[PDB]
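# Structural characterization, general
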Amino acid sequence: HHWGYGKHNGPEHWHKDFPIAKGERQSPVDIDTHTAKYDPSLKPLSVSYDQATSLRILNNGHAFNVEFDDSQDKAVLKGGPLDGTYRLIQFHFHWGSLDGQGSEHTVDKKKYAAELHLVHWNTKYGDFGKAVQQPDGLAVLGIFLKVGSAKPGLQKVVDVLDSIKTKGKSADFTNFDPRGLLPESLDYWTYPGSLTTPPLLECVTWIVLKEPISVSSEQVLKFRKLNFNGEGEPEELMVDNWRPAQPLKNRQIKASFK
Ligand SMILES: [Zn+2]
């Protein structure tokens, strides 16, 4: 027994093992575009992924992560509302069983087909494990996916999914360029929050891009063929691995654009 997205162990049950689930800065949240405050003091985002070194792709039972070498400042995120350098460690997605759901954050209550999270940790803390224990330890870049035209830069990920169908399976995944997953504009919303999966630590500075990227129905369909279960166990399709919106509470969402 453990946490998951089922009916008996889903998000509504998490608070029993992880009390922080009912915390003051939980994520995701609904972004109300008319309540969001334009902050002219926000600097443009600085994404430097030219030297990125991807290593592996893993199905961890609740999603699939594409891991990167974070032993040096290769792929970093700076600027925006951040102070210091944040290193890319991995990226993963959240998706639904239908195109009408899948994203964790919503915009004016609108749900997207999926949501991409590029996770980075503040280098002043030494390692990822120490970073999560700090209020400014992580910076997560969130990108919405809508169904439409295919995204060429996403196909390499899609094609390797059959090799990591079940929990615990991993595959060599080198030379992948995450720049192919970025939208044209880097306009964003930002607010203080947390990880959206246990341990739900409140150590994240969220940076959600306004512009979604388009992926084809065939691409997102291949995500839905993954399994929550491990090999040799009853097959449970990996779908609807998203946490619903949490109360905003004493927080303000800021926008880098008007
Ligand atoms: Zn995530």
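By the naming in the PDB entry, the protein goes by Carbonic anhydrase 2 and is assigned to Homo sapiens. The title given to this entry in the Protein Data Bank is "Joint X-ray/neutron structure of human carbonic anhydrase II at pH 7.8". Note on the protein: under the UniProt heading Subunit (literature references left out), the record states "Interacts with SLC4A4. Interaction with SLC4A7 regulates SLC4A7 transporter activity. Interacts with SLC26A6 isoform 4 (via C-terminus cytoplasmic domain)." Comment text from UniProt for the protein, heading Sequence similarities, reads "Belongs to the alpha-carbonic anhydrase family."

What follows concerns the overall build of the protein. Across its full length, the protein carries 3 helices and 15 strands. The globule rule puts the C-alpha radius of gyration for 258 residues at 18 Å, and the 17 Å found for the protein is close to it. The principal-axis extent of the C-alpha atoms belonging to the protein is close to 55 × 40 × 40 Å. Considering the protein as a whole, with its 258 residues, one finds that 51% of them fall into the buried category.

So, on to the pattern of salt bridges. Where charged atoms from two side chains of opposite charge come close, those side chains can pair. Tallying each qualifying case throughout the model produces 10 salt bridges. Ionic pairing is found between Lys249 and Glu24, a salt bridge with its closest N-O pair at 3.9 Å. Of this pair, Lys249 sits in the loop between α3 (217-223) and β15 (254-255) while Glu24 is found in the segment before β1 (30-31), placing the two residues 225 residues apart along the sequence. The exposed category is assigned to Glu24, whose relative accessible area is 52%. A salt bridge links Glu235 to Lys165; the shortest N-O distance between them is 3.5 Å. One end of the pair, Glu235, is in the loop between α3 and β15; the other, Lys165, is in the loop between α2 (155-160) and β11 (170-172), with 70 residues separating them in the sequence. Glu235 gets classed as exposed once you look at its relative accessible area, which sits at 51%.

Next up on the list: the packing of aromatic side chains. What the rule picks out here adds up to 15 aromatic pairs. Taken together, a centroid distance of 6.1 Å and an interplanar angle of 75° make the contact between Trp3 and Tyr5 edge-to-face. In this structure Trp3 comes out as buried when scored by relative accessible area, which is 19%. You can call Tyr5 buried: its relative accessible area is 14%. Seen in terms of ring centroids, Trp95 and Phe223 are 5.2 Å apart; in terms of plane orientation they differ by 70°. Their pairing is edge-to-face. Residue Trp95 is located in strand β7 (residues 86-95), and its partner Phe223 is located in helix α3; the two are separated by 128 residues in the primary sequence. According to the relative accessible area criterion, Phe223 is buried, its value standing at 1%. One aromatic cluster is present, formed by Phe64, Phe68, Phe91, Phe93, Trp95, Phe173, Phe176 and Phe223 through successive ring pairs. Over the aromatic face of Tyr112 sits the side chain of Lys110, whose NZ or CZ is 4.3 Å from the ring centroid. Above the face of the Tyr38 ring, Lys258 is positioned so that its terminal group lies 5.2 Å from the ring centre.

Thresholds, definitions, all that
- Residues numbered from 1 in each chain as written, not as in the entry; some residues may be left out.
- Heavy atoms only, no water.
- UniProt positions renumbered as here; feature names shortened; annotations may be inferred.
- Helix = DSSP H or I, 4+ residues; strand = E, 2+ residues; numbered from the N terminus.
- Rg over C-alpha atoms; globule rule 2.2 N^0.38 Å.
- Buried < 20%, exposed > 50% of the residue type's maximum accessible area, 1.4 Å probe, protein only.
- Salt bridge = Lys/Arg side-chain N within 4 Å of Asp/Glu carboxyl O.
- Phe/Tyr/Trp six-rings, centres within 6.5 Å; stacked < 30°, edge-to-face > 60°.
- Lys NZ or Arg CZ within 6 Å of the ring centre and 35° of its normal.

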